[PDB]
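The structure under discussion appears below in the form of structure tokens.
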Amino acid sequence: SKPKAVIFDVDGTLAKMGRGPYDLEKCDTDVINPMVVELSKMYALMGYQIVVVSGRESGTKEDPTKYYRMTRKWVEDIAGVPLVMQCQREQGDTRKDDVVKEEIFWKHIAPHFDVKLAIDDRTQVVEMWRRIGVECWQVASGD
Amino acid sequence: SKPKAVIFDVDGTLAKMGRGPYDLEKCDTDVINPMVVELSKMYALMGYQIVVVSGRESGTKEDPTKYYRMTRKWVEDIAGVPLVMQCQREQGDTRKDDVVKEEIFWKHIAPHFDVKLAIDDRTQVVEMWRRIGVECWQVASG
Ligand SMILES: [Mg+2]
Ligand SMILES: [Mg+2]
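So the sequence lines, in the order shown, correspond to chains A and B.
When you line the first sequence up against the authors' numbering, it's residues 157 to 173, 175 to 300, in that order.
When you line the second sequence up against the authors' numbering, it's residues 157 to 173, 175 to 299, in that order.
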């Protein structure tokens, strides 16, 4: 009986989409998506553990966690999401989001949490969560 | 300065979809979609006005609000959702869900509420909400 959890995505979900999508160097200035961010705070107060998962590459070759650290600072200090765990696509991983996010899920999250719900904006990712038996709410079209 | 509201759909959203659509008298025995129903309680507690909107025809030719009243009772008594307003397809309206729900929005919801969010399951409707500038979360495939 693992503690109950909710997974949130970052891009398009917690954070709005102002810059280039793969231009992570400017991602520290992203704008919060208010209802989704409020949702994460709501779930945390209700005793769900919040887990953040992003397809953002963690960094560059010379700085492998550069973007992970930027993302984390944005989530924690700008959005104020009270997460207990953050997971990203490792530097050099070029597979599709749904493939990576599924791997992250089975390897790092599922053994520790009982994930009741995932929040995301991309159809391919949304269908993956649903397919492996995780309720998922799509919060935007994803285009 | 209107009160903030969240719109919830009923079929496939608040209620799981053992019964057929348009068989609305076996409708009283629907089972809750728990994460969504819990959401509506949370929002209500956080001071949002809960507005339930549904494509279900409101009743029969003989009784124009028979189905409306059945839906209302399930939402209030079984789901436990503290709603403030309920809007459905009028008896004998045969237009599409998204045309009906949009007309409901302009005439009965938008004048009284600042709608911050709509929760729904059907793609055609979800697209309508986003198209008219209302954030919408799609909680299952449609
Ligand atoms: Mg995203
Ligand atoms: Mg529906």
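Ideal placement from N, C-alpha and C gives every residue a C-beta, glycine not left out.
C-beta contact flag for residue i and residue j at 8 Å
| i | j | result |
| --- | --- | --- |
| residue 165 (chain B) | residue 276 (chain B) | yes |
| residue 272 (chain A) | residue 207 (chain A) | no |
| residue 258 (chain A) | residue 296 (chain A) | no |
| residue 260 (chain B) | residue 274 (chain B) | no |
Alpha-carbon to alpha-carbon, residue j and residue i
| i | j | result |
| --- | --- | --- |
| residue 284 (chain A) | residue 219 (chain B) | 43 Å |
| residue 289 (chain B) | residue 181 (chain B) | 29 Å |
| residue 251 (chain A) | residue 214 (chain A) | 9 Å |
| residue 169 (chain B) | residue 195 (chain B) | 12 Å |
| residue 266 (chain B) | residue 200 (chain A) | 27 Å |
| residue 209 (chain A) | residue 241 (chain B) | 34 Å |
| residue 178 (chain A) | residue 287 (chain B) | 21 Å |
| residue 244 (chain A) | residue 279 (chain A) | 17 Å |
| residue 303 (chain B) | residue 157 (chain A) | The question about residue 303 (chain B) has no answer here: the residues shown for chain B are numbered 157 through 299. |
| residue 159 (chain B) | residue 235 (chain A) | 27 Å |
| residue 203 (chain A) | residue 204 (chain B) | 16 Å |
| residue 189 (chain B) | residue 294 (chain A) | 17 Å |
| residue 227 (chain B) | residue 232 (chain A) | 44 Å |
| residue 172 (chain A) | residue 223 (chain A) | 21 Å |
| residue 176 (chain A) | residue 176 (chain B) | 47 Å |
| residue 249 (chain B) | residue 167 (chain B) | 19 Å |
| residue 262 (chain B) | residue 246 (chain A) | 41 Å |
| residue 183 (chain B) | residue 191 (chain B) | 20 Å |
| residue 299 (chain B) | residue 193 (chain B) | 16 Å |
| residue 264 (chain B) | residue 221 (chain A) | 54 Å |
Short CB-CB distance (under 8 Å) between residue i and chain A
| i | result |
| --- | --- |
| residue 295 (chain B) | yes |
| residue 199 (chain B) | yes |
| residue 172 (chain B) | no |
| residue 259 (chain B) | no |
| residue 273 (chain B) | yes |
| residue 233 (chain B) | no |
Closer than 8 Å to chain B by CB, residue i
| i | result |
| --- | --- |
| residue 215 (chain A) | no |
| residue 298 (chain A) | yes |
| residue 192 (chain A) | yes |
| residue 247 (chain A) | no |
Assumed close pair residue i, residue j - CB separation to whole angstroms, cut-off 8 Å
| i | j | result |
| --- | --- | --- |
| residue 238 (chain A) | residue 197 (chain A) | 5 Å |
| residue 212 (chain A) | residue 225 (chain A) | In fact, because the Cβ distance is near 12 Å, the residues do not count as touching under 8 Å. |
| residue 185 (chain A) | residue 230 (chain A) | 7 Å |
Query raised in the report: For the stretch 277–295 of chain B, which residues have a beta carbon sitting closer than 9 Å to at least one beta carbon of chain A?
Result: Only 283, 284, 287, 292, 293, 294 and 295 from the stretch 277–295 of chain B bring a Cβ to less than 9 Å from some Cβ of chain A.
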